[PDB]
Every structure is written in C-alpha cells, then in structure tokens.
Visitor: 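Sharing a structure with you now.
All values below were derived from every heavy atom in this structure, side-chain atoms included, with hydrogens, water molecules and symmetry-related copies excluded. Convention: sequence-line order gives letters A, B, ...; per-chain numbering from 1.
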Amino acid sequence: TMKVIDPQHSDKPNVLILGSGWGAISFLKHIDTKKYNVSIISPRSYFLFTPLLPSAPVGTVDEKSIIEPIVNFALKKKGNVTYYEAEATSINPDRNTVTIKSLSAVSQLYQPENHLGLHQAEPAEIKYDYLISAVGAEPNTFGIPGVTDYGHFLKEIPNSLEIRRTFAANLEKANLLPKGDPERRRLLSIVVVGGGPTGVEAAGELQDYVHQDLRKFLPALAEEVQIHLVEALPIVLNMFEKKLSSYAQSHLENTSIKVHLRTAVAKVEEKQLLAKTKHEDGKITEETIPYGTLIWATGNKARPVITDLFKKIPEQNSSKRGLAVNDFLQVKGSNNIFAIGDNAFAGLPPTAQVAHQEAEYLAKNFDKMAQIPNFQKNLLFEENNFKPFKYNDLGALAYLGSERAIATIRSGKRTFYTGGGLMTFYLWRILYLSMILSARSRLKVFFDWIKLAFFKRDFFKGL
Amino acid sequence: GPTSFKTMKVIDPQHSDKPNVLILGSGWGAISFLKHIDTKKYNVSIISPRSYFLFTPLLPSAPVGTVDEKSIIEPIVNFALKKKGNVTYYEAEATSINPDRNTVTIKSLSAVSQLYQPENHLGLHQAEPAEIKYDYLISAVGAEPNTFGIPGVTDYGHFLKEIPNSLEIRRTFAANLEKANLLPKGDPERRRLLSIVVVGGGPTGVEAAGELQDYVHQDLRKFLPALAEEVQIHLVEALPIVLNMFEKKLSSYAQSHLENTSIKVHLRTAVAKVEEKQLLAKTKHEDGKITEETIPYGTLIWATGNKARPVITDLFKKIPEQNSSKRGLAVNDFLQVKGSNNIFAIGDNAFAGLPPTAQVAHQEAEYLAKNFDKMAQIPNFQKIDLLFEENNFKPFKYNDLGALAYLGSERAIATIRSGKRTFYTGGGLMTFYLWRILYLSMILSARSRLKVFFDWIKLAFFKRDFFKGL
Ligand SMILES: Cc1cc2nc3c(=O)[nH]c(=O)nc-3n(C[C@H](O)[C@H](O)[C@H](O)COP(=O)(O)OP(=O)(O)OC[C@H]3O[C@@H](n4cnc5c(N)ncnc54)[C@H](O)[C@@H]3O)c2cc1C
Ligand SMILES: Cc1cc2nc3c(=O)[nH]c(=O)nc-3n(C[C@H](O)[C@H](O)[C@H](O)COP(=O)(O)OP(=O)(O)OC[C@H]3O[C@@H](n4cnc5c(N)ncnc54)[C@H](O)[C@@H]3O)c2cc1C
Ligand SMILES: [Mg+2]
Ligand SMILES: [Mg+2]
Ligand SMILES: [Mg+2]
Ligand SMILES: [Mg+2]
Ligand SMILES: [Mg+2]
Ligand SMILES: [Mg+2]
Ligand SMILES: [Mg+2]
Ligand SMILES: [Mg+2]
Ligand SMILES: [Mg+2]
Ligand SMILES: [Mg+2]
C-alpha cells in the first residue's frame, strides 16, 4: 500500500515540477498559479546559480551568495505552491504519478494546508495532471577508474566545500614539508579535467586565489603550486571562435597554468593519475601526474530516474542522453509529460541558457492552454497553431583568471560583441550579475565582489 | 625507565637577540595583545587550535543568520600581516605549560605559518608532539563551558561558545521545524519539536532567545505562520532576575519585553537533569518550597558560565603558589602569574577578581602590551616581579565601560559609563540602534566590520539565511 497524494479541491489542473534548477525555477517564475495548482519535487531546497559555482571554492563569491531558497520564488506566486523536499525515484506515466523517497519536508505555502499524512523516509506517490521534468543530468566519469573515489566533481554546493577543504588541507601539509620534497610539490598540485568554460574558470579562480591572496602571506608556497588544465580536444573553450581559444590558452599559460591538450585521463589513483596524449601524427604518449587535488569538470549523463523512464515508454526506448521531446517540449510517447533542461534531448546544447528559454516558452504555452477549453478536457498543439520552440543562441562567456575574459554576445545571425580582454572581464561581471534570478542573490554577489576589492577571499577549511 | 629514548622536538629560536614572546590563544586577550605588541622589539609566536579571532558578542545572532558565521570571525594571519616584525602562528593546542623549562607542549599540530623571509625549516609534522620555547609566555586560552555536573547537557544540549555551536544549533532547530511540520496540529511531539530551551539569563542567553524569536516572528512566519505560532522559547535562569548585572528596572523592562515577544521566562529555576527529549527543571520559590517541571524540548541551548581548561588546572599543580587556584590563574597587580616571573595571564584564564568579559580581556591586553613597551627600554629586564615595583610601573586598573543586551524585536538595554560617571542608561528602540553602532565599533578588523554591516543591510530587504547544512 502506497500513500497517494491527489489534490482535487479545485478544478485547476495539478502541475508537478521535478527539480529546482534552471529549468524548474525559470518555469516556476513564469507559470500562472491562478490557473494551475503547482507542486515541486526536488531534494535541493534552493536554486543554484551555476555559472558562479566555479568561483565559490576559493571564496571569490560565497556559497550562500549564489543560492536562493525555492520558498522565496514560491512566495511571489499568487496561487497555491507546494514544495516537497524529496527525490523523484520513479516516474509512473501510465497512472500519472511520481514516486518520491528520502522525504525530508513538505511546505504548503497557502491557507488550507490540508494535512497530507506523509512521514520522513516513507515512500509516496504524487499525482499529476501535467508533469514538467527538469531533474538535470549528473556528472559522468566516462568509466575512468578512480574519479569518483579520488576526485571532486564541480556540480553542486557540497563540491565547492569539498574542493576547498582538500586544497586547504594540502597547503597545510605541504608547508610543513621542506622545500624540494616531491610530496610537498604533489600536495601543491591541482588537476582540472575539462577545457570548457567550467574547467577554465575553476582553474583561473584557483590561480587567482594563489596569486592574489595566498602569496600575500606564504609567497614561497604560492610560487610552488601548479595547476593543470587537462583537455581531450585540440583546443580549450571550443565553442568559441578559435582565435579567442588561442587568446585564452596563452593567458592561462601566462598565469602559470599548465595546459595539456589532446590529453585524456586513463585512470585515477589516490595520489596520481595517468594522462594519455593523442598527438596529431597519431602516436600516443603517457604521463603519470602526481596531484593533490583533482577537479573533474566535464561530461554529464542522464539520471537513473530518467533512464528508467526510457524503458516504460515505447517511443523512448532508443533514448540514451535524455528524453526525446517534440517541437512542443512534450515527451514523445506521452501527452502529459513535458521535459526541459539537461534531462531532455532536442538537439540543443546542455546549458542554462537553453534550459531558461525552454522554460519561459513552456510556461507561455501553459498560458494559452488555459484559455482553450479542450485542453482541460481532452494534436491540440498543431490544431491551435501553437508555435514550435525556437532556441535563440545569445552567446557565451568565460573568465580566465587575472581580470581577463572572453565573450561573444549575439542574437539571431547578428554578433553584437566578440573579443577578449580587461573590459570583457567587467562585461562578464555585469552580464552574470544581470542573469541571476533573485534580488537577494544579486545583492550578495555584488557585496562579495565589493569586499574583494578591499580584502582577501575567505578561504576557511571547514566553513 | 631511565633508559627510555623519550625525545621531544624543541623549538628554540635564537637567531636574533629579541626575546621570544609566546602567546597562547587567538581570542580577545591574545588578539588584542597581538595588535599592540611591538614586534620590532620582540619575536612573537602564537599557539591556538582556532585559526581565527571570534567576535563573541555577535555569536548569538549567528545561529539564525541575523549575521553570518564568516562575518564575525577574522583569520589570525590578517592581524599578523599588519605587524612589522616576525610573527609565527602554530595552529595547534597547548596541552602542557612547562614553567621550569620555559616551554609549552603542543599537540594536534595542523599547520605552522611563518610570516617572514628566512622561514627556517622547523621540521615539525602533523600529529607529532612538540615543545615551543619562550622567554615570556602570555596565557589567554580562555575558559570552557561548564555543565555544573548536570547529567545530559553535554550529550543532548548545545553550548553557545564557538562557531561550530552556531552551526549545530541551526541544524538541530531547522531539522526540528521540518519534522514538526509533517505532524498534525495538536500532536504533542510536534509541540515538543517546536520547543526551545535556553539556559542562562545573562546577555548571552537573552540575546540567543531574542534572536531565535526574531527569526521565528519575522522570517519563518512569512511562509509557515501556523508553525511559527506554535514555537515556544523558554529562558531558564537560576537567579530571581535576568540580566542581573544591570539596574534592576532595566532587568524588569527586559523580562517584560521578552515575555511580550512570547518568550517564557522561568526565574529561580535550575536544570536538575537533561534527557534526550526532555529535562527536569526545579524552582526554588521565595517562601522556600521547591517545585519541579518536566519540560519537553527539541532544542537545548546551554549558555551558563564556564570553567578553567585542563591545561590551566594542570598548571595549578606545578606552581606551588597556584595550588589553591580553582577558577583561573592568580595574577599580581602586573598580570604576572604568581609563582612565576616569566608567565603572564589575561582573559578568562586569569583570576584577578574581575568579571569574565571581553571588556576586561581587551583592557588587560592593551595594558600588558604597553608594559612590554616599557620593559624593552629598561636594559635590566632583558627577579622580574621586583623590577616592576622598582621601575614605577603602575598596577593594572580596570575601567568598567558598561553593558548592553539585545532583547529581540528591535529593543535593547544599555548602560554606558567610565569611572563613576554614567553617560547613558536606559532601554528601547534607540537603544537598539546604539547596540548596533557600538558593537560595529568594537569589532577588531575592517573586514569583519564591513561584513557585519553588509549582513545588517541585507536584513533590511530580505529574510535571514537559514540553511540547515551550510
Ligand atoms: C559549474 C557549472 C557552470 C555552468 N556554467 C554555465 C554557464 O555559464 N552558462 C550556461 O549556459 N550553462 C552553464 N552551466 C550549465 C547549466 O548549469 C545546466 O545546463 C543547467 O543546470 C541545466 O538546467 P536543468 O534545470 O536542466 O538542471 P539543473 O540546473 O542542474 O537542475 C536540476 C535540478 O533537479 C534536481 N534533482 C536532481 N535529481 C532529482 C530527482 N531525482 N528528483 C527531483 N529533482 C532532482 C537538482 O537538485 C536540481 O535542483 C554550468 C553548469 C555547471 C555545473
Ligand atoms: C556568546 C558569547 C557572547 C559574549 N558577549 C560578550 C559581550 O557582549 N561583552 C563582553 O564583555 N564579553 C562577552 N563575552 C565574553 C568574552 O567573549 C570572554 O570574556 C572573552 O572571550 C575572554 O577573552 P579570552 O581571550 O580570555 O578568551 P577567548 O576570547 O575565548 O579566546 C580563547 C582562545 O584560546 C584558544 N584556546 C582554547 N584552548 C587552547 C589551548 N589549549 N591552547 C591554545 N589556545 C587555546 C581558543 O581557541 C581561543 O582562540 C561573550 C562570550 C560568549 C561565549
Ligand atoms: Mg531544474
Ligand atoms: Mg541550478
Ligand atoms: Mg504568496
Ligand atoms: Mg532537466
Ligand atoms: Mg544538470
Ligand atoms: Mg587528494
Ligand atoms: Mg585570547
Ligand atoms: Mg574570541
Ligand atoms: Mg573563554
Ligand atoms: Mg584567557
């Protein structure tokens, strides 16, 4: 016997959102809670502004500054929003329910607050009239041994804390060791795997901490740290014009970062890893790299609750990366479930930028559906001349450490800005600050950057 | 046996002629001292297991995010950087003070930071014991929370002394709110989970309760009004009045206000024992009779006095003049540990008849540092207790500057004075603004001061950050 939550107080349809990230929150911001009853299931009680996560480990920004509680977005809604802090473990399409487990809390932001009768660590099924799936994707080790055990992903707030604690602990042991000790040099050694903007910014941020703050009180130690940027492709930041990639690499190397291109990690052990380089000519070299801190910033794979769903919907069996959706962001094989963000595959890159646009688009569709009597009761999309989702690539930005960035801003076929440099770094800051989804988070990031102009970064081992 | 290889690494810097001053701790005493000590005349080293200074008077507002944990601490290294000479910081714990050989034993060594060029390799290892040699010792390790022998307080309650306590209190209460809200209204377990007991009617307990009541009334109530209405905060105090260091009328003003905010105050009440989900409170009434009440609670905050640390009580036994000590090291007019001519003690680890406050610790420190300025001009100092009388050093003289207490809901009481003169004494709205301005001014670092300021500004626009595990 499973507890089934199925709210039929009003005729408003029950919209059930999975997740509290870019897709789910952008959707929540735009959905009409006067026309729809909205519920959210996510094990993370806050929205995470991912593009600034790479600057959290070293305190360029603080962890709290870049997150925003779901409840704060929920308060600004006019209707009834319920937030289940729990994890969706099974999507059950044929009975229109989602199974949740690891239930920690339930928050009903409205008057009635009918007692639901759920208990922590007790399974349950939430019923829905529409499902919006946005659970994202999870880090992909690519089958490389040791990465889970010995490295750190850069995906969630706890990763920021773990990275800081590992590196801080390493600096402390290293400094006790005599200069010239290879163990000391290992402990001051950082490997970042992934040459996309995330890996690049992580390395640039760590290099900034070392050069700007650490060096103020432990210059010799700071001089010995070596940061390594490992990338499997022939260039870093390959979504950018090649000349910007070249600018970025030269700058990174100028800040003393070592870049290993055409290089892949073959295996990871506790104190060292094996890197193989596939040269242009075709030969393969390998290097054992001792490291103290390994940051794994690359690849993402479908979550288990999503790959399980693949098997329950015939049209979805051939899916591998994410849920196949139609022009309308409807999961194929379903007329009830929509998917947006990294958990959907529609040919688009996996970015917040795409997730945010899908969401705003879908929410607007939900405005139209609520004016068409048939949708409530009962192809409807084609018939009512809904327009397909159309992604508008607005561009890309990457911080490179030491107050330089690259950026390309566009819309449609028009490029409005494309280059790198000092001013580009100020643009990076302004643009990111303007993309943040909440006034509070925006103010906190702003205060963090102001403090940074006067004082060193907070780098507390365990705080 | 006498054949033992017993070998202990001993750090004895004899590079320069400057005397080695060794400071124990990184709190009010140690840091105020560090700020004033002349590092051109003296070589300074610091031993403390805490790598940062903690601005204690704002700790009670950390658990609920009125101010953030990071905002009220400042890394030792930041104070050390502003010094002109050589400062070394041992992140480790002093476990034995060895007066007859002028050394301090350290353990749990995590790190050593030498903020100067030579940086001679010392050859220490983590989790390896060592002894640091000194020409002068400044002991300021403070005091630790006292459970008074009451069973269960350590196991089931939370102290309010250090940053980790702030985190634990938040996590306990936040977890309780979540469980409580799943329970149906009227369930006694729900009512227990929303129940908070603060033991200690001094400014620390009062502010802790006031801050929690603020979080509940201002922020929690915004999104969970029914839950917020059900929380009950209890202030338990063994004396007949709260805040007994204040004028009695201010105490009465404070209690009435606390009770207005819905805090329940139990005076003349002492906790006899603490179990996991409940505690036993006994009230000794004026007439002489004793009543007892079992109080179910979800969160217990224990803010009542402290006691001497083990490394201090061990020292009691090694110095004949100090055997009769119980609360702290007995010092003379010059803050010299009696029975010693080498060791000075300031802060809560010393007993000189003064109250145990940051206010006293800070003044002892500035005073001692100034003495060290004088000693460095008198060739002979380079026995000692006489030199002080002889060279007409003045005894330490504490100047009580007053007291403040925040009471929740933007009210405070305060009495500001100097000597026999009272410059301010009362309570209310403006007193709360004074509380803020005065505390902001008392903070020891520009960084911490800016962060607290930003925290209070954010507070005017947004709810407090109350993350269960962050
Ligand atoms: C460090 C970093 C930096 C990035 N920088 C950029 C950038 O600069 N520009 C850009 O365009 N993109 C950037 N991205 C990519 C962007 O973050 C993702 O594409 C975006 O997260 C996709 O949005 P989403 O809603 O699909 O998933 P997410 O934002 O990851 O949200 C997923 C949500 O689902 C929740 N969840 C997980 N499992 C379950 C479950 N079983 N049940 C219910 N909920 C669950 C998660 O807790 C989370 O709340 C960055 C990503 C990272 C990691
Ligand atoms: C919550 C709270 C609020 C307070 N509010 C006020 C107030 O508003 N006004 C006021 O006047 N007073 C206040 N106080 C009291 C004030 O904080 C203390 O009197 C002050 O700490 C005494 O200074 P100290 O240097 O002796 O000890 P502390 O400031 O506590 O410093 C002790 C230092 O010693 C370190 N240490 C501990 N053990 C060892 C060891 N074995 N070896 C080396 N180092 C060690 C500790 O880490 C710490 O760094 C408050 C105290 C608390 C707990
Ligand atoms: Mg999402
Ligand atoms: Mg997110
Ligand atoms: Mg509302
Ligand atoms: Mg998704
Ligand atoms: Mg994702
Ligand atoms: Mg490691
Ligand atoms: Mg101290
Ligand atoms: Mg302190
Ligand atoms: Mg103390
Ligand atoms: Mg002391």
Visitor: Can you confirm whether more than 12 heavy atoms, excluding those of A:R44, are under 6.0 Å from its CZ atom?
Guide: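 Result for CZ/A:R44: enclosed.
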Visitor: Check whether any side-chain heavy atom of B:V112 sits under 4.5 Å from a side-chain heavy atom of A:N175, and report yes or no.
Guide: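 Side-chain contact under 4.5 Å: no.
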Visitor: Quick one: of A:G462, A:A439, A:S45, A:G117, who has the most non-hydrogen atom pairs under 4.5 Å with chain B?
Guide: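 Heavy-atom pair counts peak at A:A439.
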Visitor: Might you confirm whether atom CD of A:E223 has over 12 heavy atoms from other residues, nucleotides or ligands at distances under 6.0 Å?
Guide: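 Open.
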Visitor: Could you look at A:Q108 and say if it's the side chain, the backbone, both or neither that has a heavy atom under 4.5 Å from chain B?
Guide: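 When you check distances to chain B, only backbone atoms of A:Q108 fall under 4.5 Å.
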Visitor: For the atom pair NZ (A:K64) and NZ (B:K458), what is the distance rounded to the nearest 0.5 Å?
Guide: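 The NZ atom of A:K64 sits 8.0 Å away from the NZ atom of B:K458.
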Visitor: In terms of the angle between their ring planes, are B:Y52 and A:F460 parallel, tilted or perpendicular, with boundaries placed at 30° and 60°?
Guide: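 The rings of B:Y52 and A:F460 stand perpendicular, inter-plane angle above 60°.
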Visitor: Should we say atom CZ of B:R171 is surrounded by more than 12 heavy atoms from elsewhere, each under 6.0 Å from it?
Guide: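 No, not enclosed.
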Visitor: Looking at every heavy atom in both A:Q120 and B:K179, which two are closest together, and how far apart are they?
Guide: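 Taking every non-hydrogen atom into account, NE2-CG, 3.2 Å.
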Visitor: Calculate, to the nearest 0.5 Å, the distance between atoms CG and CD belonging to A:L218 and B:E119 respectively.
Guide: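 The CD atom of B:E119 is 6.5 Å from CG of A:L218, to the nearest 0.5 Å.
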Visitor: Which atom pair, heavy atoms only, marks the closest approach of A:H115 to B:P184?
Guide: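 Here A:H115 and B:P184 meet closest at CE1-N, 3.5 Å.
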Visitor: Could you tell me whether the side chain of B:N78 reaches within less than 4.5 Å of the side chain of A:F455, counting heavy atoms only?
Guide: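 SC-SC contact between A:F455 and B:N78 ruled out.
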Visitor: Using 0.5 Å steps for rounding, measure from the CD atom of B:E69 to the CG atom of A:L463.
Guide: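 The CG atom of A:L463 is 6.5 Å from CD of B:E69, to the nearest 0.5 Å.
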Visitor: If I measure from the heavy atoms of chain A, does B:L167 come under 4.5 Å with its side chain, its backbone, both, or neither?
Guide: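 Side chain of B:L167 only, per the 4.5 Å heavy-atom cut-off to chain A.
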Visitor: Which region of A:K444, side chain (C-beta onward) or backbone (N, CA, C, O), has a non-hydrogen atom less than 4.5 Å from a non-hydrogen atom of chain B, or is it both or neither?
Guide: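 Just its side chain gets close to chain B.
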Visitor: With a 4.5 angstrom heavy-atom cut-off, is it the side chain or the backbone of B:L122 that approaches chain A, or both, or neither?
Guide: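 Contact with chain A involves no heavy atom of B:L122 at all.
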Visitor: Quick one: pull up CG in B:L81 and NZ in A:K456 and give me the separation to the nearest 0.5 Å.
Guide: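 The NZ atom of A:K456 is 5.0 Å from CG of B:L81, to the nearest 0.5 Å.
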Visitor: Please flag which part of B:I457 lies under 4.5 Å from any non-hydrogen atom of chain A: side chain, backbone, both or neither.
Guide: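 B:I457 touches chain A through side-chain heavy atoms alone.
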Visitor: Measure distances from A:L177 to the heavy atoms of chain B and classify the residue's part below 4.5 Å as side chain, backbone, both or neither.
Guide: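 For A:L177, backbone heavy atoms alone lie under 4.5 Å from chain B.
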Visitor: So B:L182 and A:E122, do their side chains get closer than 4.5 Å, heavy atoms only?
Guide: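 No; the side chains remain at least 4.5 Å from each other.
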Visitor: Which bit of A:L221 comes within less than 4.5 Å of chain B, counting heavy atoms only: side chain, backbone, both or neither?
Guide: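 A:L221 has no heavy atom closer than 4.5 Å to chain B.
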Visitor: To check you understand the geometry: which heavy-atom pair defines the closest contact between B:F223 and A:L109, and what is its length?
Guide: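 Minimum heavy-atom contact is O-CD1, 3.4 Å.
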Visitor: Please determine whether the number of non-hydrogen atoms from other residues, nucleotides or ligands lying under 6.0 Å from atom NZ of B:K107 exceeds 12.
Guide: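 Atom NZ in B:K107 is not crowded, with 12 or fewer foreign heavy atoms closer than 6.0 Å.
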Visitor: Find out whether B:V77 and A:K216 are in side-chain contact, i.e. whether some heavy atom of one side chain is under 4.5 Å from a heavy atom of the other.
Guide: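 Answer no - side chains too far apart.
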Visitor: Please check if the number of heavy atoms outside B:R191 that lie under 6.0 Å from its CZ is greater than 12.
Guide: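 Open.
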Visitor: Under 6.0 Å from the OH atom of B:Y116, do we count more than 12 heavy atoms belonging to anything else shown?
Guide: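 Result for OH/B:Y116: enclosed.
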Visitor: Please check if the number of heavy atoms outside A:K3 that lie under 6.0 Å from its NZ is greater than 12.
Guide: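 Yes.
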Visitor: So what's closer than 4.5 Å to chain A heavy atoms on B:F454: side chain, backbone, both or neither?
Guide: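 Both backbone and side chain.
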